[PDB]
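Heads up, the thing below is written out as structure tokens.
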Amino acid sequence: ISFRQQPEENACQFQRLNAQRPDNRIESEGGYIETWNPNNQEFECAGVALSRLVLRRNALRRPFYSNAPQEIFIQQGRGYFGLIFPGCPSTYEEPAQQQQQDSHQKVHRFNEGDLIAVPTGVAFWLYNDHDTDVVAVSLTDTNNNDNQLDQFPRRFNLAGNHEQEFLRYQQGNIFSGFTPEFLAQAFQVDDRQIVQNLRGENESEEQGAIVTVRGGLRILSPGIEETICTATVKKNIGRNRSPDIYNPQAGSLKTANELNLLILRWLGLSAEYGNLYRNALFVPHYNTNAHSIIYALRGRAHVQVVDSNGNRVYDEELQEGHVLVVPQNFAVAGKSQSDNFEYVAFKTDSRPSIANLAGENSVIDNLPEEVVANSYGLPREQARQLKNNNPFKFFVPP
Amino acid sequence: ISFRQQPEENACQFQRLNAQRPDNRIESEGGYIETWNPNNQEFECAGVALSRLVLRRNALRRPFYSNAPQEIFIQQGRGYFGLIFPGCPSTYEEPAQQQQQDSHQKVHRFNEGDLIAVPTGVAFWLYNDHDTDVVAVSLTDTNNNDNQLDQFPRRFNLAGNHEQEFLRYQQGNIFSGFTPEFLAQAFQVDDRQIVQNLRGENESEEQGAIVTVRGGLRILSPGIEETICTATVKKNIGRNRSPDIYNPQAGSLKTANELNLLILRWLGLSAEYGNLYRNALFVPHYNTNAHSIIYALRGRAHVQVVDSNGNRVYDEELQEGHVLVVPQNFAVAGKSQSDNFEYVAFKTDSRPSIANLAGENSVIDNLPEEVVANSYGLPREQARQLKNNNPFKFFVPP
Amino acid sequence: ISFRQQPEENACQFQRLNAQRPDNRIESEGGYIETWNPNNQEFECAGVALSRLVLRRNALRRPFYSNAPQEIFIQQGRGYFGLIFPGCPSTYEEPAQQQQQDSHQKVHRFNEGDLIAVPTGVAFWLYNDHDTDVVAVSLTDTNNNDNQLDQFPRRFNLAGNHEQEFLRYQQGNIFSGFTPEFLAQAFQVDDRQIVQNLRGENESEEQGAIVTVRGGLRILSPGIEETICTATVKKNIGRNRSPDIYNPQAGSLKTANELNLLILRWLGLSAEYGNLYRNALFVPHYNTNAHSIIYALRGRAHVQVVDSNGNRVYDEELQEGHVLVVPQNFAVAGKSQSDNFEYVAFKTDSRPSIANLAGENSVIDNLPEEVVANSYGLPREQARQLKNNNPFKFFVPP
Amino acid sequence: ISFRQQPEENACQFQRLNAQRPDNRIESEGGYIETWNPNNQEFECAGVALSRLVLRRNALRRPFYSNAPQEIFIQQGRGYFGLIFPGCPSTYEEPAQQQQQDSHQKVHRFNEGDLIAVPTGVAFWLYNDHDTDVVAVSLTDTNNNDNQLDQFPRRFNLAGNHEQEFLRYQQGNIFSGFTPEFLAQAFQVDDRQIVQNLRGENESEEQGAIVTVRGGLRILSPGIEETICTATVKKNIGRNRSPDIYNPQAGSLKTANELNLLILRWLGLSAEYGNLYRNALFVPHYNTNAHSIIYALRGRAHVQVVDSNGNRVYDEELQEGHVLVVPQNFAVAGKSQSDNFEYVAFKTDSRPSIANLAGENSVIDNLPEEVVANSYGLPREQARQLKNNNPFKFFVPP
Amino acid sequence: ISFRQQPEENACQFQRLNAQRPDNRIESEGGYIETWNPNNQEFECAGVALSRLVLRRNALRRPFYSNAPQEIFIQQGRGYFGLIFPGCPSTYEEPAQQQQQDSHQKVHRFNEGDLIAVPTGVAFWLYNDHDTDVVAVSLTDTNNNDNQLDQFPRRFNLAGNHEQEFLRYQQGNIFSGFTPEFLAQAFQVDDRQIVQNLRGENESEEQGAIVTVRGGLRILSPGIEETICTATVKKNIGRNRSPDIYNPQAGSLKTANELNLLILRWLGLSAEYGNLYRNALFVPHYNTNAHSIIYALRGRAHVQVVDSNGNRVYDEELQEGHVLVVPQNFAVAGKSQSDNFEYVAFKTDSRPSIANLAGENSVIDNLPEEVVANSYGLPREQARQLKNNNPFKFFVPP
Ligand code: NA
Ligand code: NA
Ligand code: NA
Ligand code: NA
Ligand code: NA
């Protein structure tokens, strides 16, 4: 399911669909954030915004929450993240060096291939504790029903004194806007310099969203607390040894949707990770109920996309680090021109449905032979060939 | 329930409501499609598009899917249709002249009075195998949540090389946009002329959406396959020997909603079929939770519609083949000027609720006598008359 | 949950947030209705309209229904109201002075502190039978999914011949628009002067929505009828001896949401009533999933609101009878400058979720100590103070 | 809805139905508990157990939880109760005489007429702070799906050293069963006499479930905390100024079901409170989907109950403090022989449905006249009398 | 949630609770199956049966389905399993050495710590491809609503000619019961020796449920197909780097319930994996809504269990490979007497709720101080100690 705002008149009427690369980079201390322009037609149509975060060893992306739900895919690396679900008690705690030292909400490990769901207004932070840079691609669903503000994807930063991620595309931290007397009362701290730091007064716009932790972070990691407050918030789909669709001579597909990661039901979002081997084809298909935002992860594939007029709105080699939006119901097909073309496709429904146009149990396969024969002007025998020559589903070997 | 986009500022503020007739006809080989202009205020307000299809004996409306959910009402005729639900296995099959000849998804018979639900992105085809022309009136819900593209009702045609139904009102087939090398791989057909026909290369813009089948079509007709893949997709309401509301001296009403046809729950749509006998009245009423799109089927009725200012925005004889949109909450009443005025009313909710203003259990009937007396400046006795003189619900005899 | 239309581009981007007072008063016989301009940025952002009704002893607000769901809070007074749920049989009846005198739908008592839910298209009337004026503050959710007309909050009046509440802000009664011959047939009344009064012909635009009942109203008050037709439609939250959050030295909070008043689930709305004692603080917090429309009921409080840029968009004393909209996710904090500051806060979700930024189980409390230390540049000890110095939730004593 | 275990073979086959009075009293310090024998046929059939608690001024019924869901009706008196929902944070707190003194879960006020829902395993305590004795009648649903133990209604007492309520009918406190070394570690109390008292070692079997608090109790009373952790758990139905069905010359009915008190949906239980005035009749009716456990509150009524053989299994004056079980689908009718007969009827469904056999919209009223005429051997005119002579619903005046 | 049959009268009334070890072993070719007697009081009470499977390198547990839902926990080892969901198309396929070689349903990898959900009537097979023996502990929910046969847990074996697992405890394969002429027609195999083998005719009762695959198995592994047919059926909880509750000085807990593994919602089952370090305590607690079936995985713990009479029904060292049933609502506490006591606890609800009796946010912590003081006969100060001395949740360090 999904419940989203429709795009403005004509947004999904295309002369041509363009693949997109980021157009801005925001520098910080231990990494950076790159943004795709959400004002481009492809993104206006899909009603979403996209960004990419790089976190070096010991870098902390300091906590923030957003008005629009997010899905974050971990392209590379491993580390820790927390989500703060409001009012949920702490369940991670340690004895002083019995009295209590520190306690906090569950800290999660993440790995390459993980897809993480961040509900609207839930605070998120991410940390890399390893050499390999973490690279995360974040889809922010601006048109989602859950966003009751206008279609600007905001980051409400809990810390720092820097530029909002997507501010440059529109026509300080959250604490920094409150007066010192409110914050001293709120936190019962008399130390006016505790409140100064809280407000970000002891830093420039160039410390950024991401800080490096000298010596590394130490955090705890090996009724309502073990039920709703500890619901699952991520699922591995990129590294998984169990794809949903698999042909060892053509490729694989694996989805994280609301049947795999229940919280996606509330978000109205899902994602798929696919592999397509050299010269293999993902058959013409369309998504009945979702836009697809395809981020090329590795390699390259010749991709074609067809609109409701049968126009070829996109025809080229989709390369690593570029993004192609395939609007709901537009048909798409791809032939990998790499040993293994790899991609993540975010989708704007929690249970997206693929309709294959060719192959076993495809639309053509499921029409009566005489209907295929009469629709295409074909003798009964050539119609039977169209229905039966390809015995495979989804992927076709070289 | 329904989840739809609201109309633009002022769309439902009317100086006058106009009844509408089609304004375009698209010719094909065995029939035609007529469209109502969806840009007219009445349709902008309702957020929907309407069309009418005529299929002569042996005519096939070749498969297509759409971005917006549809409800199709069979005004006359009988025939076969298929819906292709993606990935559902074939369940209709026959032995070669044991090995398998052809197999395909369930083929359904349709009859006059049938209301058929077509979910977003589900492919549909229709065939008439009888002398009587089939006439189908199709409501396309452009503002529906399920449509994540802009508010243009598209037809993604699987076959042919013709004009999109509603294209003329905006500011080739799906295969025709793919290169021949993609389609040969996708269908494993080496015959480049199989792929030519598939793409519609062997036909003009004037073969159209509808083809005639010489000698007639032959199709099969007497776990997940007998459960979800064979869910009901139509319900008879026009020919039914069991209306929901009935008075043999005034008229009848029968609804297909989500309690009768479960799939309507996902579509957010329903329809009603009514009869009103000469000089009988359907009392002033309004729909709490839906627009009503009234297509006159037979005869004529004097209809009045009142807006939130108590203005009479419509006051005339609604005739057969004209359409009147009654916006949500506007009050409407009708007096049949024909032996039997017959109408289908599509509604933009899966469970629309009628609030009668006069008659048994109406709004007036359910207010305390002293409230009716004090609201209208009436003596207790004249208030009692207003509540009680009409003992009938919905319809009132001549 | 809620399903609402998003506001236009930039609506929730504020240079400053203004508190608002009503800007129009509509006079009637036994009371008046005051409206806030819904075109002001604060209301455009929230997608809602607000009004205030005053009903003197024996005054009847004559029946009406609206396209948008309402929540009405009873600030003062007591009286009777009815809601007319269409087609539900009468369940209140009396013997003639056995035959039946009058019968009607359930009449409800209301009291100060009551929050009443009025679904879209359900007719409502209100009566005051006591000396104390009734004062009701009404939130109309114009952007709600249930409103399938444009974003004008309409009142479809069943009686009278006066001005629609919100008409002055856009770019007769319902019966008055029908011809006398339709109404005589509909109600089977031959008396053409019964129909004249019904249409409001025997009154000026200056009798208004509210009439005085001379001698007072007499009404009855001590399967589907005792189940769905008598579902609960109100909950006391202002006068309640059982707040949800309570600290006798700082304040209280009490909510009516879909867990307390089930019908709110369909409306997508809820409300909260809070008390804050002199010099006590409601800590910086935000609502994850709702706009807050704060109506000051008694006293005054210094309030600050911070946007996604950390800008202080509102900083002043919120006074009784003024309204402050806090957009979804914006942070807000308040310090009462009165013996008891009292407020109702309507919220645009049926289950709104508050995320406290300071105090026990707040966002800061639930982050690892080393994350708070590294986010704010603080030694481990000053981080521990930020997490632990305030042991209270929500409210902090003077 | 409800999900319950069916009774053993023949349990609901009755020679006669007997009204029942309690058969045991358990004495304590400030009040007592009386139990009805759950082994009697009437209770075996209904699959439930019943008890009655009396709490004098300053008496505390010390905390306990049970394996079966309960509904408690407050027949008289007023006081405080708490329910402990596991893991929910405290939301009632006070400053030490800023640091925190005590904090605890919400304390609720209760009043006469309140119906309180206690889910399976949720701990409950009750306190009377007024002169008038509190009298509470408790229905324990032993056959409920939520009880996964055998059909013995247990009380797991958190305190005391006394007899389990229903133990005498089968074929120490919870802490008392743990060894002192477990409890010292669990509560980190070194004081072995703290643990002695906890275990109930400093008291006899004759301090009982109920203790008197000398000087009276002092308690606090004027994200997940204000949402799920503060869901409503009671609804007034006995004292309510708004019955669901009302005739000032015959009686009233008011229900607390899952549309009024949402938590009842999980419990599978509901209750009704009725008044019937001298010589008035509640018409023959049956409950489609629930047993009815009728506790007479005040006065007396001649009651008759008819089984599936048309046998009169009960025919007598039901008196105050007696209980009559009416099995699902058995027909029942009553004529009050008191100025006002008052009763609470617990029902074993969360949304019980009454089917009236006589009167407006009854079963007879809703059958075609010719069906009533042919079913009873009656001329058309006598059939019309049977359908129409009684114009009232539910109750009929003297 | 769960919907289960209640146990017979007195089943959960215990003189003493006994830990249980298996009492039977069924030998096969590459491993064995051990069963616990389901007729023992502990299992009668819980309404469940338990077994343990060992599969050596290259051993295949041949396909079977059961009348009762199962949860299988992988104690050690790694391998492949399939579940056959009826009518779901194949999604794993390979090209002949383009035509199709073999195709089949998704084959899943499993690892140590995995919890696998097997719905009623879904066929399951398991294979070990590694040196380490796989050991799986299987809970079969005999009293589950989904089992509409009597309370005998059956295995309907698709292959083999051996003893049913639990047959010895009651008062050939599925094909073997059909006549050869039915099977030849059903599979269109003329070879009467193909059908002989299918029926298990070419093997003794001593080939067993488990076969060894010489040279090892080769299987494929790297619309409705990628949605419902590929829903998740397992979740790792034993090996997971992210417990729900964690204290590095006492222990951890991690649950797989319906918020983590959605299919458990239909099964009415869940499981927890816990670690408890030497001399640490899991505080007295109870489960509100589930039986707990505790299988000791490693080490030993002193465990005590208390019934509704405060009787200590179990008091001893629970050792590895023994099982202890803790009935719903009975209180339990454990102190590890090993470096790391490890256990899996199956629970008879899809969302079981733990109610802690001591510690932060426990039942005692959430009662008003004066209620704890008056319930236990304690001065205000000793009551405060009981509420506050243990600042930890669930686990308490040595
Ligand atoms: Na298009
Ligand atoms: Na209007
Ligand atoms: Na902002
Ligand atoms: Na009987
Ligand atoms: Na017991």
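Computed from heavy atoms alone, side chains included, the values below leave out hydrogens, waters and symmetry copies. Every chain is numbered from 1, with letters handed out A, B, ... down the list of sequences.
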Side chains of E/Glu272 and E/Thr255: any donor to acceptor distance under 3.5 Å? yes

Rounded at 0.5 Å granularity, tell me how far CZ in E/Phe341 sits from CG in E/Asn279. 14.0 Å

Carefully, step by step, assess E/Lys235 and A/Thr232 under the rule side-chain hydrogen bond (donor to acceptor under 3.5 Å, both in side chains). CA-CA 10 Å; E/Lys235 168 87 179 182; A/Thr232 285; 3.2 Å; yes

Ring geometry between A/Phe81 and A/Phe124 (parallel below 30°, tilted from 30 to 60°, perpendicular above 60°): tilted

Looking only at non-hydrogen atoms, find the nearest pair between E/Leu115 and E/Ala256 and report the distance. CD2-CB, 3.7 Å

With no hydrogens and no angle check, is any side-chain donor or acceptor of A/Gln76 less than 3.5 Å from a backbone partner on A/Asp133? yes

Under 4.5 Å between any side-chain heavy atoms of E/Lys347 and E/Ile354, yes or no? yes

Parallel, tilted or perpendicular: rings of C/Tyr376 and A/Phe175 (30°, 60°): perpendicular

Taking the side chain as every heavy atom from C-beta outward, state whether E/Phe282 and E/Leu253 have any atom pair closer than 4.5 Å. yes

Quick one: do C/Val332 and C/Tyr286 satisfy side-chain contact (heavy atoms from CB on, under 4.5 Å)? Show the steps, please. CA-CA 6 Å; C/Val332 56; C/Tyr286 62 96; over 6 Å; no

Backbone N/O of E/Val283 and side chain of E/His285: donor-acceptor pair under 3.5 Å: yes

Side chain to side chain contact (heavy atoms under 4.5 Å, CB included) with C/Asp244: of D/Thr227, D/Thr230, D/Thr91, only one passes, and it is D/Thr230

So how far is it from A/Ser138 OG to A/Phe73 CZ, rounded to the nearest 0.5 Å? 13.0 Å

Quick one: do the A/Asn236 and A/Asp114 side chains pair a donor with an acceptor below 3.5 Å? yes

Tell me, with the steps shown, if C/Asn388 and C/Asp365 meet side-chain contact (heavy atoms from CB on, under 4.5 Å). CA-CA 7 Å; C/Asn388 310 294; C/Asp365 197 38; 4.2 Å; yes

Supply the atom-to-atom distance C/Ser308 OG to A/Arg155 CZ, rounded to the nearest 0.5 angstrom. 10.5 Å

Donor-acceptor check, side chain of A/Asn173 to backbone of A/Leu198, threshold 3.5 angstrom: yes or no? yes

Close side-chain approach of C/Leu281 and A/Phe182, heavy atoms under 4.5 Å: yes

What pair of heavy atoms forms the shortest contact from C/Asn329 to A/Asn67, and how long is it? OD1-CA, 3.0 Å

Short side-chain donor-acceptor distance under 3.5 Å, E/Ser292 and E/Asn287: yes

Exam field: side chain E/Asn247 to backbone E/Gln249, donor-acceptor pair closer than 3.5 Å: yes

What I'd like to find out is whether the side chain of D/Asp102 reaches to under 4.5 Å of the side chain of E/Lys387, using heavy atoms alone. yes

Are side-chain heavy atoms of A/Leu220 and E/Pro248 found at a separation under 4.5 Å? yes

Contact check, side chains of A/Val134 and A/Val54, non-hydrogen atoms, under 4.5 Å: no

Applying side-chain contact (heavy atoms from CB on, under 4.5 Å) to A/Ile194 and C/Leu386, what does each step give before you reach the verdict? CA-CA 8 Å; A/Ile194 294 178; C/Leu386 215 55; 3.7 Å; yes

Do the numbers put A/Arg199 on top of the ring of A/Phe178, so that NZ or CZ is under 6.0 Å from the six-membered ring centre and no more than 45° off the axis? no

Does E/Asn257 use its side chain to pair, donor to acceptor, with the backbone of E/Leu259 at less than 3.5 Å? yes

Under a plain distance cut-off of 3.5 Å, with no hydrogens placed, do C/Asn366 and A/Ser90 share a side-chain donor-acceptor pair? yes

C/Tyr246 and C/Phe394 aromatic centres sub-6.0 Å: no

I'd like to know if A/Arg109 pairs up with A/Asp129 as an ion pair, taking the criterion as any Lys NZ or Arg NE/NH1/NH2 lying under 4.0 Å from an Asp or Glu carboxylate oxygen. yes

Keeping the roles fixed (side chain from A/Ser66, backbone from A/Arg154), state whether a donor-acceptor pair exists under 3.5 Å. yes

Can you tell me if A/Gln193 and A/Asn197 form a side-chain donor-acceptor pair at under 3.5 Å? yes

Side chain to side chain contact (heavy atoms under 4.5 Å, CB included) with D/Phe187: of E/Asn390, E/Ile364, E/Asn389, only one passes, and it is E/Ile364

Under 3.5 Å, side chain of C/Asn289 to main-chain N/O of C/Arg351, donor-acceptor pair present? yes

So does A/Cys229 get a backbone contact from the side chain of A/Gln105, meaning a donor-acceptor N/O pair under 3.5 Å? no

Can you check whether C/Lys393 reaches C/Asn361 side chain to side chain, under 4.5 Å on heavy atoms? yes

Side chains of A/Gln207 and A/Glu29: donor-acceptor distance under 3.5 Å anywhere? yes

Interatomic distance, CG@A/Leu126 vs CZ@A/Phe64, rounded to 0.5 Å, equals 8.0 Å

Would you say C/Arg384's side chain and C/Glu369's backbone share a donor-acceptor pair under 3.5 angstrom? no

Step-by-step side-chain hydrogen bond (donor to acceptor under 3.5 Å, both in side chains) determination, A/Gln188 to D/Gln98: CA-CA 8 Å; A/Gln188 317 260 50; D/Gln98 308 284 347; 5.4 Å; no

Donor-acceptor side-chain pairing of A/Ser51 and A/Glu165 below 3.5 angstrom: yes

Check: E/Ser336 side chain, E/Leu276 main-chain N or O, donor-acceptor pair, under 3.5 Å: yes

Taking the side chain as everything from C-beta on, heavy atoms only, tell me whether E/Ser270 gets closer than 4.5 Å to E/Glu258. no

Do you see a donor-acceptor pair shorter than 3.5 Å between the side chains of A/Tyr127 and A/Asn58? yes

Side chains of A/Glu94 and A/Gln101: do they bring a donor and an acceptor to under 3.5 Å? no

